[PDB]
Amino acid sequence: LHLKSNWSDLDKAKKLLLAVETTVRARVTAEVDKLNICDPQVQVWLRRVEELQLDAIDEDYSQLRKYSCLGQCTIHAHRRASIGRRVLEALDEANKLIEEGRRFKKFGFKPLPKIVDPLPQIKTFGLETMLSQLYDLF
Amino acid sequence: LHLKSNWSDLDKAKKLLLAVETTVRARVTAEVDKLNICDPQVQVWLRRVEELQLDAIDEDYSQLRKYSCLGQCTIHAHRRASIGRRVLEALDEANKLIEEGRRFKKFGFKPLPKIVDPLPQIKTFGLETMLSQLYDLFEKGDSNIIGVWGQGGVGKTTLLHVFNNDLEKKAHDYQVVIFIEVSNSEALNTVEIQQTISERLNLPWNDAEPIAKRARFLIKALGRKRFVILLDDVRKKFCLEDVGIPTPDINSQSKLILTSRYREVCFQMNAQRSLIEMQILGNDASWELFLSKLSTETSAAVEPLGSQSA
Ligand SMILES: Nc1ncnc2c1ncn2[C@@H]1O[C@H](COP(=O)(O)OP(=O)(O)OP(=O)(O)O)[C@@H](O)[C@H]1O
């Protein structure tokens, strides 16, 4: 019976993937604090991690466990194939994401300097006319 | 007969796994002592080690050893398959945990700086009214710069400490609260302030970076965060952009709180309309504070009521 072992491996992979995602997010947040934009590859990896949605197969396996009351009954044995393929797909996808996740070394890059750098914006009075004149000559 | 050899290998793996877990836990404890949070991967590994529960198969094999009286009898030979699979599963799982356990090199990481940094919480008396007033201007106030003035040593620093410590009770949208002690000099020692702000924002401090470039860097850094900076006892007018603090505007949710001994310098900070005068404590508050600084051998000589003594 490989289904239970594979689902347990999926549980371990899910926990370890949560740990890896937490570490990566912490590093990316540290880079962001330094005025740096997140690395595009790391952003794609984060998107794939967020879109994994292991909760769906978790609830699906729970629903099957509701009917896992008799192994002998086969009325519900048809959906075992769906679980058997989806759990394996989630497992090897998670393994690929883990192997990629552990490998990043850079997590950000300095963005190109902005077109305009903000300056102090102290409240002004009656400067509209001369500002318009400056725009006119500019 | 591979069962006995496999169980002996499981025993060796269990002992070596206990040793590995002890070493890893020692390293994690050392990292924790350094204010560092445990590495999530190491935490998951520790959880799996704790959830291994080799004692269960140990007792199960002992129960089988009670019936291990005859190899030939099939009465208990049925459970040999269960032992044969569970022992192997425990063995190769333990081997995987060992190979992973030996490989970690980092065991912790510096956590993100807290929303509020704790400050001394010396016991206060009769500060509730002015604390409520400070909250009123901090929340309702339409001006992002709040100025407080009063006589020297009337609790301005104490009010800032208690207010900053009380901010963690209430919920707010302010990510970072910064406490700055400007009264260290009248020459505006900018390096210490920049280091404090950089430390509070998890920024990597640099030694050879010029002051003006750092000021621009912090101005950009504070430009995306709703911050609450607490200047303490400012004594001369100084440009906020010079040190790196952006002057908050109505379009931003950041609030600036400063204290001073002089009304004029507070007026110079464009905080003329978030001004509160620090009134001295009342007679009842002064009396209840006075007892807190007296020994009972003296206090029990003064505290009791009813009987009147000089
Ligand atoms: N409500 C209070 N209850 C108890 N102690 C208080 C209270 N208010 C102030 N203090 C005491 O005042 C002492 C001096 O700090 P305080 O906050 O009064 O100074 P300050 O007004 O900031 O002074 P300065 O003008 O020199 O900067 C502290 O040691 C503190 O114990």
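Could you give every pair whose Cβ atoms fall below 7 Å, whose first residue belongs to region B:289-305 and is away from every other protein chain (no Cβ under 14 Å), and whose second residue is away from the ligand (no atom under 16 Å from the Cβ), counting only separations of at least 6 or pairs across chains?
Partner pairs satisfying both residue conditions: B:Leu291/B:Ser299; B:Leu291/B:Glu303.
What is the number of the single condition among (1) within 13 Å of the ligand (Cβ to nearest atom); (2) outside any helix (DSSP H, G or I); (3) β-branched (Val, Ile, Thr) that B:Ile178 does not meet?
B:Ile178 satisfies every listed condition except (1).
Take the conditions within 14 Å of chain A (Cβ to nearest Cβ), closer than 30 Å to A:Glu21 by Cβ and not hydrophobic (A, V, I, L, M, F, W, C) and apply them to B:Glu100. Does it pass?
yes
Would you check which residues across region B:220-241 are over 24 Å from the mean Cα position of the chain (by Cα) and more than 25 Å from B:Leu137 (Cβ to Cβ) and list them?
Passing the criteria: only B:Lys220.
Given the conditions (1) more than 14 Å from every other protein chain (Cβ to nearest Cβ); (2) more than 12 Å from the ligand (Cβ to nearest atom); (3) of a type outside the set (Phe, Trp, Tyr); (4) within 35 Å of the chain's Cα centre (by Cα), and given that B:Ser260 satisfies all but one, which numbered condition is not satisfied?
It is condition (2) that B:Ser260 fails.
Tally up the residues in region B:197-212 that are buried (at least 16 other Cβ atoms within 10 Å of the Cβ) and out of contact with any helix residue (DSSP H, G or I) (no Cβ under 9 Å at 6 or more places or on another chain), please.
Here the count works out to 1.
Test of understanding: among A:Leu3, A:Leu17, which residue is buried (at least 17 other Cβ atoms within 10 Å of the Cβ) and more than 8 Å from chain B (Cβ to nearest Cβ)?
A:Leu17
Scan region B:149-173 residue by residue and report those that are more than 7 Å from the ligand (Cβ to nearest atom) and β-branched (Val, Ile, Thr). Let's see the steps before the verdict.
Residues of region B:149-173 more than 7 Å from the ligand (Cβ to nearest atom): B:149, B:151, B:160-173.
If the condition is that a residue be more than 7 Å from the ligand (Cβ to nearest atom) and β-branched (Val, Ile, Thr), then B:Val162 is the only one that fits.
Confirm whether B:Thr196 is farther than 30 Å from B:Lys15 by Cα, out of contact with any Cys (no Cβ under 9 Å at 6 or more places or on another chain) and within 16 Å of the ligand (Cβ to nearest atom).
no
Quick one: A:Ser8 ticks every box in (1) surrounded by 14 or more Cβ atoms within 10 Å (Cβ to Cβ); (2) within 22 Å of B:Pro40 (Cβ to Cβ); (3) within 14 Å of another protein chain (Cβ to nearest Cβ); (4) not charged (D, E, K, R) bar one, so which box is it?
Result: A:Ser8 fails condition (1) only.
Restricting attention to region B:43-63, does a residue exist that is within 12 Å of chain A (Cβ to nearest Cβ), under 33 Å from the mean Cα position of the chain (by Cα), away from the ligand (no atom under 16 Å from the Cβ) and farther than 30 Å from B:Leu3 by Cα?
Checking region B:43-63: at least one residue is within 12 Å of chain A (Cβ to nearest Cβ), under 33 Å from the mean Cα position of the chain (by Cα), away from the ligand (no atom under 16 Å from the Cβ) and farther than 30 Å from B:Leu3 by Cα.
Has region B:205-225 got at least one residue that is more than 16 Å from the ligand (Cβ to nearest atom), touching a residue at least 24 places away in the same chain (Cβ under 8 Å) and of a type in the set (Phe, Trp, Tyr)?
There is at least one residue in region B:205-225 that is more than 16 Å from the ligand (Cβ to nearest atom), touching a residue at least 24 places away in the same chain (Cβ under 8 Å) and of a type in the set (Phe, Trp, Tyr).
So which of A:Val24, A:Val44 is surrounded by 11 or more Cβ atoms within 10 Å (Cβ to Cβ) and under 30 Å from B:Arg214 (Cβ atoms)?
Values: A:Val44 fails: under 30 Å from B:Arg214 (Cβ atoms).
One residue alone meets the criteria, A:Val24.
Does any residue of region A:32-41 turn out to be assigned to a helix (DSSP H, G or I), more than 14 Å from chain B (Cβ to nearest Cβ), surrounded by fewer than 17 Cβ atoms within 10 Å (Cβ to Cβ) and without any contact (Cβ under 8 Å) to a residue 24 or more places away in the chain?
Yes - at least one qualifying residue is present in region A:32-41.
Inspect region B:147-166 for any residue being touching a residue at least 24 places away in the same chain (Cβ under 8 Å), in a loop (DSSP other than H, G, I, E, B), among the acidic types (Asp, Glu) and within 21 Å of B:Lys225 (Cα to Cα) and give the result as yes or no.
Checked against the condition, which is being touching a residue at least 24 places away in the same chain (Cβ under 8 Å), in a loop (DSSP other than H, G, I, E, B), among the acidic types (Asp, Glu) and within 21 Å of B:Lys225 (Cα to Cα), region B:147-166 yields no hits at all.
Restricting the search to region B:226-237, which residues are away from the ligand (no atom under 16 Å from the Cβ) and more than 14 Å from chain A (Cβ to nearest Cβ)?
B:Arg226, B:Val228, B:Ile229, B:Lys237, listed by residue number.
Any chance region A:105-123 includes a residue that's within 14 Å of chain B (Cβ to nearest Cβ), of a type in the set (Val, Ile, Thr) and without any contact (Cβ under 8 Å) to a residue 12 or more places away in the chain?
There is at least one residue in region A:105-123 that is within 14 Å of chain B (Cβ to nearest Cβ), of a type in the set (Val, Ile, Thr) and without any contact (Cβ under 8 Å) to a residue 12 or more places away in the chain.
Does B:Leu201 qualify as being aliphatic (A, V, I, L, M) and within 16 Å of the ligand (Cβ to nearest atom)?
no
Residues of region B:270-288 being hydrophobic (A, V, I, L, M, F, W, C), within 16 Å of the ligand (Cβ to nearest atom) and touching a residue at least 40 places away in the same chain (Cβ under 8 Å), which ones?
B:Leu275, B:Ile276, B:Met278, B:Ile280, B:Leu281, B:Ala285
Among the listed residues B:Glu89, B:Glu100, which satisfies the condition of being in contact (Cβ under 8 Å) with a residue 40 or more places away in the chain and away from the ligand (no atom under 12 Å from the Cβ)?
One residue alone meets the criteria, B:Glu100.
None of the figures in this text is laboratory data; all of them are computed from the coordinates on show. Neighbour counts are summed over all protein chains in view; Cβ atoms, including those assigned to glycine, are modelled from backbone coordinates with ideal geometry.
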